Amino acid sequence: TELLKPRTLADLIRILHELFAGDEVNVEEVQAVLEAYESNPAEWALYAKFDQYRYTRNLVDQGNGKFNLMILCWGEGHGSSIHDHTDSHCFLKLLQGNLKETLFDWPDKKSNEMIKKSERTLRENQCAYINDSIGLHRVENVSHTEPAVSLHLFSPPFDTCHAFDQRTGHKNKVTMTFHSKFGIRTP
Ligand SMILES: [Cl-]
Ligand SMILES: [Fe+2]
Ligand code: NA
Ligand code: NA
Ligand code: NA
Ligand code: NA
Ligand code: NA
Ligand code: NA
Ligand code: NA
Ligand code: NA
Ligand code: NA
Ligand code: NA
């Protein structure tokens with residue numbers, strides 16, 4: 001329960017394996033530790049694999065079954081769907097650039113446009129947190145000039161979630177695909 005500042009990405013990962021050694025999750029502590037790591041591009045260049053047309057998901061660590069740690073790479077103008085997180089914890093730390101996070105409420109059964117609840121700009125080294133009881137969100141690199149890179153921790157791991165149609169609130173199931181694993185391209 002003694003949180004030290006992660007010196008490196010590797011150190012961070014080791015501290016995370018400690019924090020998730022058990023069955024439950026201290027959210028505020030995981031968030032603090034993630035925010036405390038100072039992004040060092042050299043340490044994660046291996047995982048920062050971009051695609052021209054959409055954002056990529058790059059597996060960094062499998063957290064001995066308790067979590068998935070991954071790096072997402074967002075080209076200029078790349079963004080996600082409005083999505084949930086499959087009853088898991090979601091931590092999002094910026095390693096490079098900025099991302100816009102837009103919050104949505106869970107839709108009612110009636111077909112209505114999903115109106116934004118709020119939005120915020122996540123900046124380098126900032127760490128955000130979301131879960132399904134908080135709501136839904138969309139994440140976007142709105143920059144025309146700067147690629148964005150983020151570090152995501154999901155616990156428990158999941159490889160499916162829902163995307164929501166902003167016009168209706170209708171949801172469809174989506175399967176998450178890894179662009180790379182441990183620095184190896186996995187087409
Ligand atoms: Cl996310
Ligand atoms: Fe998300
Ligand atoms: Na490292
Ligand atoms: Na650091
Ligand atoms: Na995209
Ligand atoms: Na990309
Ligand atoms: Na991907
Ligand atoms: Na950016
Ligand atoms: Na957004
Ligand atoms: Na959610
Ligand atoms: Na479903
Ligand atoms: Na990878």
Side-chain angles (χ1 to χ4, degrees), residues 3-20 25-64 66-81 83 85 88-103 119-131 134 137-155 157-159 161 176-186:
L3 314 171
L4 291 188
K5 172 186 158 72
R7 307 170 37 261
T8 66
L9 178 56
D11 204 34
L12 173 63
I13 291 169
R14 192 263 312 169
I15 292 159
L16 290 176
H17 288 152
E18 292 176 1
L19 291 177
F20 286 85
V25 177
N26 190 323
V27 172
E28 291 77 17
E29 284 179 356
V30 176
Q31 194 165 344
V33 160
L34 291 165
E35 177 142 331
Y37 167 61
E38 289 177 33
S39 176
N40 184 4
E43 298 171 355
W44 51 253
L46 180 63
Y47 311 106
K49 299 179 201 300
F50 286 76
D51 183 82
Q52 181 173 337
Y53 307 107
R54 56 156 285 183
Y55 77 95
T56 58
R57 301 184 179 252
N58 303 278
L59 186 62
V60 172
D61 193 86
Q62 282 181 307
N64 294 311
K66 294 288 190 55
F67 67 81
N68 273 343
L69 188 70
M70 59 188 75
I71 279 176
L72 272 58
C73 298
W74 316 77
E76 294 93 327
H78 289 177
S80 72
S81 62
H83 64 265
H85 299 86
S88 299
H89 300 281
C90 171
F91 302 84
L92 197 169
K93 187 216 167 71
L94 266 291
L95 298 179
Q96 176 187 105
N98 300 279
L99 291 165
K100 185 175 82 167
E101 183 189 27
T102 304
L103 299 190
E119 66 177 63
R120 50 167 172 177
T121 298
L122 309 175
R123 308 186 177 286
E124 292 194 0
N125 281 318
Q126 293 189 359
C127 184
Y129 171 79
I130 197 174
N131 62 50
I134 289 180
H137 74 175
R138 188 206 291 284
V139 185
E140 300 176 89
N141 184 14
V142 295
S143 176
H144 285 260
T145 52
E146 298 301 336
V149 181
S150 48
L151 181 67
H152 294 238
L153 192 154
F154 301 114
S155 188
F158 57 94
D159 44 44
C161 71
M176 322 284 252
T177 58
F178 283 122
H179 184 74
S180 65
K181 293 188 191 181
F182 315 108
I184 301 306
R185 180 79 171 91
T186 55

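Start at 1 with the first residue, then count along the sequence.
- At most 12 non-hydrogen atoms from other residues, nucleotides or ligands lie less than 6.0 angstrom from CD1 of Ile184.
- By the 4.0 Å N-to-carboxylate-O rule, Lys5 lies close enough to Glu38 to be salt-bridged with it.
- Atoms CG and CZ, on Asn58 and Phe178 in that order, are 9.0 Å from each other to the nearest 0.5 Å.
- For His78, the ring-ring contact (aromatic ring centres under 6.0 Å, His included) criterion is met by no residue, not counting sequence neighbours.
- Applying the ring-ring contact (aromatic ring centres under 6.0 Å, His included) rule to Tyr55 yields the partners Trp74; only residues at least two apart in sequence or on another chain are considered.
- Taken from CZ in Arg120 to CD in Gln126, the straight-line distance is 8.0 Å, to the nearest 0.5 Å.
- The structure places CG of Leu3 at 7.5 Å from CG of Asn26, a figure rounded to the nearest 0.5 Å.
- Taking CD of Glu35 as the reference point, atom CG of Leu94 lies at 10.5 Å (rounded to 0.5 Å).
- The ring-ring contact (aromatic ring centres under 6.0 Å, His included) search around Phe67 returns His17, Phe20, not counting sequence neighbours.
- Around CZ of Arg7, the count of heavy atoms belonging to other residues, nucleotides or ligands within 6.0 Å does not exceed 12.
- The two residues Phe50 and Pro147 make their nearest non-hydrogen contact at CE2-CB, 3.6 Å.
- A donor atom on one side chain and an acceptor atom on the other are not found under 3.5 Å apart for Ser39 and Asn125.
- The ring-ring contact (aromatic ring centres under 6.0 Å, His included) test applied to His152 returns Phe154, not counting sequence neighbours.
- Between the CD atom of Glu28 and the OH atom of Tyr129 there is a distance of 8.5 Å, given to the nearest 0.5 Å.
- Contacts classified as salt bridge (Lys or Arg N to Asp or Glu O under 4.0 Å) and involving residues 43-63 (residues at least two apart or in different chains) are not found.
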Would you check, one step at a time, whether the test side-chain contact (heavy atoms from CB on, under 4.5 Å) holds for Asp159 with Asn68?
-> CA-CA 10 Å; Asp159 44 44; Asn68 273 343; over 6 Å; no

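- For the atom pair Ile71 CD1 and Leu9 CG, the distance stands at 6.0 Å (nearest 0.5 Å).
- For residues 140-150, the salt bridge (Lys or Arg N to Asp or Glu O under 4.0 Å) pairs, not counting sequence neighbours, are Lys100-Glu140.
- The shortest side-chain heavy-atom distance between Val25 and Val30 falls under the 4.5 Å cut-off.
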